[PDB]
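An overview of the molecular structure
Next come the chains, spelled out residue by residue.
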Amino acid sequence: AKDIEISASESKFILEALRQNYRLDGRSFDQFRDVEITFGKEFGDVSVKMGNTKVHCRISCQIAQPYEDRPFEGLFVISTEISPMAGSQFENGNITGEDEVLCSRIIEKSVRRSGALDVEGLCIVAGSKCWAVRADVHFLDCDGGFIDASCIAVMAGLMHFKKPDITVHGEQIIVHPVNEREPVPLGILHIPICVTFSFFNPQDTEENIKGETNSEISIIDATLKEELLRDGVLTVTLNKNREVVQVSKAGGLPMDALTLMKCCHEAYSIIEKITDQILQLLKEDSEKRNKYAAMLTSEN
Amino acid sequence: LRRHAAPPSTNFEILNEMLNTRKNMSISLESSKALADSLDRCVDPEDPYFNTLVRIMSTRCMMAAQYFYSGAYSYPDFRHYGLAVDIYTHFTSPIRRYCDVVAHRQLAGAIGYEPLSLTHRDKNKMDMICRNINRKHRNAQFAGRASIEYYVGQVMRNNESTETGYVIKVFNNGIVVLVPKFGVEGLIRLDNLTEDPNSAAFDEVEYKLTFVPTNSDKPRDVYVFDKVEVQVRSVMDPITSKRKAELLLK
Ligand SMILES: [Br-]
Ligand SMILES: [Br-]
């Protein structure tokens, strides 16, 4: 594929800066990027921005029939297809690459598998008709942190989305339009948030395997340049209920167990601030839509 | 949480039938406020207890309130009819109610005092807790009312006294009168109600039972909601071994 050429000078500089408690963007080692959440006109339309990183998620649903195995559960899928828009490093439709499959699996284990969405409440008539919720993530601009950005984009979208109200007459489904009656929100059991840690070995492999004192550097939410020069990755997902949704350190630089535990506790402070942030932006968005609805009726 | 279903029309159609026929009144059933206002004006001037009798009788045709978890129903189903509130739960009595214990743990997690246990965030585990405390709640009140029944039945064990009674049910096999003094309902069979059971007639349209008393010979029409004098007496049935209260009207 198309490679990103990194000079020895750039490799040595960024690593040496870390040895001097410096990162290029001026952040701290434990500092998460400021997350900006923008909602569109339609429900389920959400735009997440972390520095230069830009992702967009769109929640949609349509009437479908549940699987034979699960007659009481609705359908839910998450799409995260990459495109050259985020950078020429990504091949169009490359859904089998190492980083792609990992990212796809992290999100799936954080939202799908974790049961963040109440799929039981997606059923209209058992074993016949149900809702099929779809989360489409669009990677617009890549500056690292695509996993953390996606997990927030999916969750913010699901919590913002509203499906058309339905009254049931036996098997006859009466789908009320938004013009008739208001749409119905989705059921969220918990709010999973991902925090990704990047590891750097300031020395050599020998001192990592048999070295007495540990000296490996770990930073939170790395940018693209920091992401291309790391030796190991850790993605930990938690919620406000003080529970670990999932942890994934798929190989890479061997890291001390206590250090990995420290990361999990550090991530918990971040996911708390992020979750409350999402909720507040959802309230204000609701207050904004209601205030306009009052100004539209008054003028009507 | 804890919800209370709105009473079906079928439950009050029989009560409104007796009201519109005998007392010429009715309950609206349009809304909880409408039901309350119409029940409030349902009062007889000659007897203040008449209003109480209708209330304690219209209570029997209310849907049972039940505990539940918010994921089992939609928001409009959280409605509590008897209290006219959009949402409600039990929280004020954790020593005597386990439901309040759950609510306490959830509130503690709500304010951020301590993370809520996994058992109170599992839709499956919550369903088992709700179905259990609902059954234990019913068993509690029934056992409680049965305890009253036994002790009151022991008070009237070897005693006879002319008390005040009210006809709540009228049938062709006899009548059922309620004694507010002891809070015990009694059944007066037609054989012990009057003489010559073949001469007695029952009008379902008017809920009237006409018969000729044992100690008399004058055709008396006994309607519903009537305040009648009743001699109380208790006797343990030799078959059921249950202390029942045999009542003889006068
Ligand atoms: Br199922
Ligand atoms: Br950078």
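The rules behind the values
- Residues numbered from 1 in each chain as written, not as in the entry; some residues may be left out.
- Chains lettered and ligands numbered in written order.
- Part of a larger assembly, values for the part shown.
- Heavy atoms only, no water.
- Residues with missing side-chain atoms left out of burial classes, pairs and counts.
- Helix = DSSP H or I, 4+ residues; strand = E, 2+ residues; numbered from the N terminus.
- Rg over C-alpha atoms; globule rule 2.2 N^0.38 Å.
- Contact = heavy atoms within 4.5 Å.
- Axes fitted to C-alpha atoms, helices over the stretch in contact; angles between N-to-C directions.
- Parallel < 35°, antiparallel > 145°, perpendicular 65-115°, else oblique.
- Left-handed = near helix turned anticlockwise from the far one by under 90°.
- Nonpolar A, V, L, I, M, F, W, Y, C, P; charged D, E, K, R; others polar.
- Buried < 20%, exposed > 50% of the residue type's maximum accessible area, 1.4 Å probe, protein only.
- Pairing = 2+ DSSP bridges.
- Salt bridge = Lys/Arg side-chain N within 4 Å of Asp/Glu carboxyl O.
- Expected span 1.5 Å × (residues − 1).
- Bend = angle between axes of the 7 residues up to and from the residue.
- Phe/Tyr/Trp six-rings, centres within 6.5 Å; stacked < 30°, edge-to-face > 60°.
- Buried area = accessible area lost by both parts, 1.4 Å probe.
- Polar contact = N/O pair within 3.5 Å; in protein donor to acceptor, adjacent residues only side chain to side chain.
- Core = buried A, V, L, I, M, F, W, Y, C linked by side-chain atoms within 4.5 Å.
- Patch = residues over 30% accessible without salt bridge, like charges linked within 9 Å, V, L, I, M, F, W, Y side chains within 5 Å.
- Areas by Shrake-Rupley, 256 points an atom, 1.4 Å probe, with all protein chains shown as cover.
- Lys, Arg positive; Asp, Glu negative; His and termini not counted.
- Charge placed at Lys NZ, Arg CZ, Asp CG, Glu CD.

If you check the header, you'll see the entry was determined by X-ray crystallography and the resolution is listed as 2.805 Å.

**Side note on the overall build of chain B**
Scanning chain B from N- to C-terminus turns up six helices and 12 strands. Taken over C-alpha atoms, the radius of gyration comes to 23 Å for chain B, far larger than the 18 Å a tight globule of 250 residues would show. Its C-alpha atoms put chain B at 75 × 45 × 30 Å along the principal axes. Taking the intrachain contacts of chain B between residues at least 6 apart in sequence as the baseline, contacts between residues at least 24 apart amount to 49%.

**With respect to the packing of helix 2 (residues 98–112) of chain A against helix 3 (residues 146–160) of chain A**
All names here are of chain A. At their nearest, the axes of helix 2 and helix 3 sit 10 Å apart, and the two run at 40° to each other. Overall, the two elements helix 2 and helix 3 adopt an arrangement that is oblique. In the packing of helix 2 onto helix 3, the handedness of the crossing is right-handed. Along its contact with helix 2, which presents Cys103, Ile106, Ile107, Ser110 and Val111, the element helix 3 presents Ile147, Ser150, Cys151, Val154, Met155 and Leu158. Of the residues assigned to the contact of helix 2 with helix 3, the class counts are nine nonpolar, two polar and no charged.

**Side note on the pairing of strand 4 (residues 174–179) of chain B**
Residue and element names in this part refer to chain B. Of all six residues in strand 4, six are buried; the element is thus mostly enclosed. Residues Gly174, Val176 and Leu178 point to one face of strand 4 and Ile175, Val177 and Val179 to the other, with burial holding for every one of them. Where strand 3 (residues 162–170) and strand 4 come together, four bridges link them in antiparallel fashion. Along strand 4, the bridge assignment pairs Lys169 with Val176. Sheet topology places strand 4 next to strand 5 (residues 184–189); six bridges connect them, and they run antiparallel. Across the sheet, residue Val177 finds its bridge partner in strand 5, namely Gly186.

**Some remarks on the sheet that holds strand 3 of chain B**
Reading across the sheet, the five strands line up as 5-4-3-9-12 (chain B) and stay open at both edges, with antiparallel pairing between neighbours. Pairing within the sheet leaves two strands with one partner each, and these edge strands are strand 5 and strand 12 (248–249) of chain B.

**A closer look at the pattern of salt bridges**
All names here are of chain A. Taken as a whole and assessed by the stated rule, the structure comprises 28 salt bridges over all chains. Across the pair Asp276 and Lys240 runs a salt bridge whose closest N-O atoms are separated by 2.8 Å. Of this pair, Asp276 sits in helix 6 (residues 257–298) while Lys240 sits in the loop between strand 13 (232–239) and strand 14 (243–248), and the two are 36 residues apart along the sequence. Given the relative accessible area of 38%, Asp276 is considered partly exposed. Of the residues examined, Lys240 reaches a relative accessible area of 42% and is grouped as partly exposed. Where salt bridges share partners, they join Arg23, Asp25, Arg27, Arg33, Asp143, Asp221 and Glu226 into one cluster.

**Let's talk about helix 1 (residues 9–23) of chain B**
Side chains that are three or four residues apart share a direction in an α-helix, a result of its 3.6 residues per turn. Residues and elements named next belong to chain B. Between its first and last C-alpha atoms helix 1 spans 20 Å; for 15 residues at 1.5 Å apiece the expected length is 21 Å, and the two agree. Of all the bends in helix 1, the greatest measures close to 25° and is centred on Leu15. Among the residues of helix 1, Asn11, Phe12, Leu15, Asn16, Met18 and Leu19 are the ones counted as buried. Buried residues in helix 1 make contact with helix 2 (32–40) and helix 3 (49–58).

**A few points about the packing of aromatic side chains**
Remark: the centre distance and the inter-plane angle together describe each pair of aromatic rings, the angle taken between the planes. Using the criterion set out here, one finds eight aromatic pairs over all chains in the structure. On the numbers, 4.3 Å between centres and 50° between planes, the contact of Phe139(A) with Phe146(A) is tilted. For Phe139(A), a relative accessible area of 4% gives the class buried. These aromatic residues form a ring-pair network of at least three members: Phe68(B), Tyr73(B), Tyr75(B) and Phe78(B).

**Considering the interface of chain A and chain B**
Each partner contributes to the interface: chain A provides six residues, whereas chain B provides four residues. When the buried surface of chain A facing chain B is broken down by residue, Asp118(A), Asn241(A) and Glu243(A) rank first, second and third, together holding 64% of it. Our count for the chain A to chain B interface comes out at three salt bridges. A salt bridge links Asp118(A) to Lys123(B), with the nearest nitrogen and oxygen atoms 2.7 Å apart. At the surface where chain A touches chain B, the tally comes to three residue pairs in polar contact. Residue classes in the side of chain A that touches chain B are distributed as one nonpolar, one polar and four charged.

**Thoughts on the nonpolar core**
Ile37(A), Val111(A), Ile152(A), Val154(A), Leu158(A) and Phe197(A) are the most contacted members of the largest nonpolar core, which totals 64 residues. In this structure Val111(A) touches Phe76(A), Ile78(A), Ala116(A), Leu117(A), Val154(A), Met155(A) and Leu158(A), once residues within four positions along its chain are discounted. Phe50(B), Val176(B), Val222(B) and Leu249(B) belong to the second largest nonpolar core, which has 40 residues in total.

**Some remarks on the sheet that holds strand 11 (residues 193–200) of chain A**
Residue and element names in this part refer to chain A. Read across the sheet, four strands follow the order 12-11-13-14 without closing on themselves; strand pairing throughout is antiparallel. The strands lining the two open edges of the sheet, one partner per strand, are strand 12 (217–220) and strand 14. Each adjacent strand pair in this sheet contributes to an overall mean axis angle of 25°, direction not counted. Where strand 11 and strand 12 come together, four bridges link them in antiparallel fashion. If you follow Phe200 over to strand 12, its bridge partner there is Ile217. Of the strands in this sheet, strand 11, strand 12, strand 13 and strand 14 touch helix 6, which is tilted by about 140° from strand 11.

**Side note on a negative patch on the surface**
A cluster of like negative charges, contributed by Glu13(B), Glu17(B), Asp203(B), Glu204(B) and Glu206(B), occupies part of the molecular surface. Its location among the elements puts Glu204(B) in the loop between strand 6 (201–203) and strand 7 (208–211).

**Describing the side chain of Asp165(A)**
Residues and elements named next belong to chain A. Tracing the chain through its elements places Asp165 in the loop between strand 7 (162–163) and strand 8 (166–169). Within the structure, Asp165 has its side chain in polar contact with the side chain of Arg181 (distance 3.2 Å). Non-local contacts of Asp165, meaning those with residues more than four positions away in its chain, are made with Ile174, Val175, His176, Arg181, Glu182, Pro183 and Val184.

**Some remarks on helix 4 (residues 98–111) of chain B**
All names here are of chain B. Here helix 4 spans 20 Å end to end across 14 residues, near enough to the 20 Å set by a 1.5 Å rise per residue. Taken together, the buried positions of helix 4 are occupied by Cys99, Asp100, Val101, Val102, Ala103 and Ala108. Structurally, helix 4 contributes buried residues whose contacts are with strand 2 (66–67) and helix 5 (123–155).

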